[PDB]
Structures are given as structure tokens and as C-alpha cells.
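Counting along the sequence shown from 1, when you hit position 17 you're at 700 in mature numbering (1 follows the signal peptide of the UniProt record, and there is no 0), and nothing is skipped either side. Working notes for the structure below.
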Amino acid sequence: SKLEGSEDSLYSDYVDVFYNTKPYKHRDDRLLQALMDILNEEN
């Protein structure tokens with residue numbers, strides 16, 4: 684998971700954004716982001 688002398692997860696999150704480089708995972712909540720994103724504009 685880490686293979687280091689660290690503890691807890693308070694960096695891999697922000698770092699995971701750059702680490703990742705292989706988009707190919709679907710999600711149900713994703714659609715909610717787009718649909719909900721519309722209302723966010725004004726609702």
C-alpha cells in the first residue's frame with residue numbers, strides 16, 4: 684500500500700491525482716455529478 688515509513692493517508696489523495704494515468708473505471712455516482720452539476724449553476 685505504501686512500502687515506506689509513513690502512517691495514515693493524508694497525501695496519497697492529492698498525489699493520487701498525478702499518480703493515476705489509466706482512465707478506464709466506470710461509476711454510478713459520476714452521472715450524479717453531471718446531473719447535479721447543472722443545478723449547482725443555479726438551484
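Using N, Cα and C, we set each Cβ at its ideal position, and we do this for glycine too.
Straight across, the Cα-Cα distance linking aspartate 691 with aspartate 699 is about 15 Å. If you draw a straight line from the Cα of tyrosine 694 to the Cα of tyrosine 707, it is about 23 Å long.
Spanning the alpha carbons of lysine 705 and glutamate 725 requires a straight line of approximately 33 Å.
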